[PDB]
Every structure is written in C-alpha cells, then in structure tokens.
Amino acid sequence: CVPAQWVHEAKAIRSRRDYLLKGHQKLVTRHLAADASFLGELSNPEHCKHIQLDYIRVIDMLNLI
Amino acid sequence: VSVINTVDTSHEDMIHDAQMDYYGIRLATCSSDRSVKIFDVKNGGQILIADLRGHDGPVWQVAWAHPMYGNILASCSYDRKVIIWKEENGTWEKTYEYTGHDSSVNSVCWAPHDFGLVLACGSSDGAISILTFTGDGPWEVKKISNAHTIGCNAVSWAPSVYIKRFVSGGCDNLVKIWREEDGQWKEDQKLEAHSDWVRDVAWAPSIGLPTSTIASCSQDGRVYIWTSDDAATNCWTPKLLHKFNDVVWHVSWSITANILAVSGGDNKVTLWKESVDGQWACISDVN
C-alpha cells in the first residue's frame with residue numbers, strides 16, 4: 001500500500017480487539033501503576049520523554065534511581 | 001391479522017433483533033422473554049456466554065458500541081428502560097441504566113465512533129433520549145420531547161463524511177432528519193412519503209461517496225430510498241424500491257455494494273442492489 005504512517009493505526013486497532021508500545025509507535029500512568037519488565041518500563045519512560053504527567057515521569061526516574 | 005399468525009406458528013424460535021459484534025466475534029440477541037443473550041461465533045458455531053436478564057418487558061433492538069470504548073452493548077425495551085452492559089474480564093455487569101422515557105423504547109443506535117460515545121434512543125411516547133459519555137460513570141441526557149406525533153420506531157445515525165445528521169422514522173409517517181446547533185438538536189427536515197407508520201429507517205454508510213442515501217420501510221409495505229444529490233442542498237428526493245402487499249419490518253445496508261436487506265412481507269427477506277440504470281432490483285430470495 002502507498003506509504004503512509006497508517007501501520008501504527010492498524011496495529012493499534014488489532015490490540016484493542018484482543019500493545020502500549022504499538023500504540024506509542026493517563027493510560028501510561030495506569031500501566032505504571034499496574035507495573036508498580038524493568039526494561040519494558042524503561043522503554044515506556046523513554047517513550048514518555050519522547051512525547052514530552054511530568055511529575056509521574058519524575059517519580060518513575062526516582063524509582064529507577 | 002389474527003388469522004395470518006395462527007397458520008404456521010413455527011417459532012423455533014421467536015427473537016426480535018440480533019446484531020453481530022465489531023470484529024465479527026460475538027452475537028448479541030434479544031427475544032420477547034426479556035432476555036439479552038450474548039453468543040460467540042468462532043468458526044460458524046454458536047456458543048452462549050451470558051443471559052443478561054433485566055427488562056420488565058420484551059427487548060426490542062440491540063446495538064454494540066465501538067471497541068475503542070472497551071466492550072459495551074446496549075439494549076432497549078418495552079419496559080421504558082435502556083440498559084448499557086460493560087465487560088471487565090468476563091464481568092458482564094451493567095455500568096449504567098436510563099429510564100427517562102415514559103413509554104416503550106422501540107430503538108437504539110450508537111453515534112459514529114469519532115463523535116464520542118453517544119447513544120440515541122427513540123421512545124413510543126414520541127421522544128428520543130440521547131446518552132453522552134463523560135469521564136467516569138456519569139451520563140448526561142439530551143432529550144427531544146414530541147419528536148414524532150404518536151411515537152418513534154427507528155433511529156439511525158448517518159456515517160461521518162463538525163455537523164452530525166440523524167434521520168428517524170415514527171408512527172406519524174414522517175421520517176424526520178435531525179441537526180444540532182449550540183448544543184441541542186433540531187429537526188432539519190421532515191420526509192412524508194409513507195401512507196402509514198414508518199417501521200425502520202437506515203442511513204446507508206457512505207463509501208467515501210458524497211451522495212448520502214437513507215432507506216425506509218413502513219406498514220404500507222413500501223420501501224423508499226431517499227437520496228441527496230449533493231452536499232449542503234436540503235433536497236431529499238424519494239424513490240420507490242418496491243411495494244409488497246404486507247408490512248416491511250426491517251431494512252439494513254450491506255457495507256460495500258450498498259445492498260439493501262429488506263426484511264418483511266411473507267416471512268421472507270430480499271436482497272436489493274441498485275442497477276447501472278438506477279432502478280433497484282432483487283438479487284435473490286434468502287432462506
């Protein structure tokens with residue numbers, strides 16, 4: 001199919017039917033709460049940094065410390 | 001009337017409406033026993049998952065919400081109430097219930113998923129209540145009183161192509177379309193072509209195409225495919241699909257080709273495609 005950034009959009013829909021990383025490619029905070037693995041958390045933090053909840057990010061950094 | 005029903009009495013079994021899930025996984029049903037059964041169809045085999053009981057009267061129509069809001073199903077009934085069932089890990093509990101109409105609730109439909117999570121509901125009192133989702137479990141209602149003269153049967157939301165237009169039929173013979181201004185809804189137009197009670201009214205999905213169509217069926221036994229020639233011109237020109245000697249109960253649009261499934265008349269359901277000549281034709285007899 002002709003190039004467009006529609007791949008993330010299709011992948012995200014599939015995940016909903018049946019994930020967070022795919023969506024990246026409130027909810028994040030909830031995910032962190034569920035994950036009160038470590039590498040995945042670091043990746044999520046990196047994604048948050050890319051997006052930049054700031055206080056939550058700071059808390060995550062403190063946890064990493 | 002009484003004579004026709006007693007002739008076969010096949011049953012096996014009576015049900016009103018039943019709609020497939022998005023993603024084609026589940027199949028919610030409802031029947032006159034007040035029971036909202038959710039089946040699952042993996043590989044073509046029907047399997048029951050839950051019998052959501054909770055209506056004081058027979059459930060009428062049923063509609064799945066978009067999977068972007070989790071897994072939600074709403075059903076209305078003759079009990080004057082509408083139920084919204086959420087799902088949390090197989091936890092099919094009702095997260096909200098609405099009882100704002102004084103007479104039976106003939107139909108429900110979900111707004112196209114972009115507008116949010118809006119549910120539109122037409123009563124038999126002549127009022128339709130719309131439920132809009134907020135942050136948590138609050139649901140604020142935008143009610144239209146005296147929408148149709150003796151009650152409403154159908155509610156349908158046209159696919160998005162901003163401004164949202166909804167066309168509904170009722171038992172005054174009028175297929176009213178709807179428009180919203182500052183916040184409340186107003187009747188953009190009335191459509192009088194039926195000689196008796198409008199049964200169902202389906203707003204065909206736009207194939208990206210701007211020539212928006214709507215289908216309607218009534219007690220007169222006629223099916224009309226009302227058309228709008230262009231965007232922003234208040235011209236709905238009706239065109240007769242067919243007339244049967246008996247009532248037409250339900251009308252539904254097939255997604256791609258705009259094939260009309262005409263349910264009604266003689267216990268038979270017909271399929272129709274508009275020819276290359278603009279006349280509608282029956283493709284086949286189902287059953």
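For the list (1) crowded, with 21+ Cβ neighbours inside 10 Å; (2) not in a loop (DSSP other than H, G, I, E, B), I need the number of the one condition that B:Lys143 fails.
Exception for B:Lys143: condition (1).
Name the single residue that is nearest to the other protein chains (Cβ to nearest Cβ) among those in the range A:1-27 being surrounded by 12 or more Cβ atoms within 10 Å (Cβ to Cβ) and either among the polar types (S, T, N, Q) or in contact with a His (Cβ under 8 Å, 6 or more places away or on another chain) (or both).
A:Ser15
In the range A:34-65, what residues are exposed (fewer than 12 other Cβ atoms within 10 Å of the Cβ) and β-branched (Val, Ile, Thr)?
Result: A:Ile51, A:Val58, A:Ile65.
Restricting attention to the range B:106-135, which residues are surrounded by fewer than 22 Cβ atoms within 10 Å (Cβ to Cβ) and assigned to a loop (DSSP other than H, G, I, E, B)?
Within the range B:106-135, B:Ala111, B:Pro112, B:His113, B:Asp114, B:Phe115, B:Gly116, B:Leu117, B:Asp125, B:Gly126, B:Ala127, B:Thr134, B:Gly135 qualify.
To keep it simple, each residue is scored yes or no on (1) crowded, with 18+ Cβ neighbours inside 10 Å; (2) closer than 23 Å to B:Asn173 by Cα; (3) touching a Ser or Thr at 6+ places or on another chain (Cβ under 6 Å).
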| position | (1), (2), (3) |
| --- | --- |
| B:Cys235 | no, yes, no |
| B:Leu241 | yes, yes, no |
| B:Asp246 | no, yes, no |
| B:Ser252 | no, yes, no |
| B:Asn258 | yes, no, no |
| B:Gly264 | yes, yes, no |
| B:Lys268 | no, no, no |
| B:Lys273 | no, no, no |
| B:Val276 | no, no, no |
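Could you identify the single residue in B:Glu87, B:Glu97 that is outside any loop (DSSP other than H, G, I, E, B) and either over 18 Å from the mean Cα position of the chain (by Cα) or away from chain A (no Cβ under 14 Å) (or both)? Working first, answer last.
Working: B:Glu87 fails: outside any loop (DSSP other than H, G, I, E, B).
The unique qualifying residue is B:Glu97.
Scan the range B:201-219 for residues that are of a type outside the set (A, V, I, L, M, F, W, C) and either assigned to a strand (DSSP E or B) or at positive phi (or both) and jot them down. Outline the logic, then answer.
Looking only at the range B:201-219, we keep the residues that are of a type outside the set (A, V, I, L, M, F, W, C), and these are B:205-206, B:208, B:210-213, B:216, B:218-219.
Selection gives B:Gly208, B:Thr213, B:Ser216, B:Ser218.
I'd like the full set of residues that are of a type outside the set (A, V, I, L, M) and surrounded by 14 or more Cβ atoms within 10 Å (Cβ to Cβ), limited to the range B:160-173.
Step one: of the range B:160-173, the residues of a type outside the set (A, V, I, L, M) are B:160, B:162, B:164-166, B:168-173.
Of everything in the range B:160-173, those that are of a type outside the set (A, V, I, L, M) and surrounded by 14 or more Cβ atoms within 10 Å (Cβ to Cβ) turn out to be B:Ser160, B:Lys164, B:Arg165, B:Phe166, B:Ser168, B:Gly169, B:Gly170, B:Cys171, B:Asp172, B:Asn173.
What number of residues within the range B:174-224 are crowded, with 20+ Cβ neighbours inside 10 Å, touching a strand residue (DSSP E or B) at 6+ places or on another chain (Cβ under 6 Å) and of a type in the set (S, T, N, Q)?
3
So basically every Cβ, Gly included, is an ideal-geometry build from the backbone, and we count neighbours across all protein chains shown. Bear in mind that the values in this text are calculations on the coordinates, not laboratory data.
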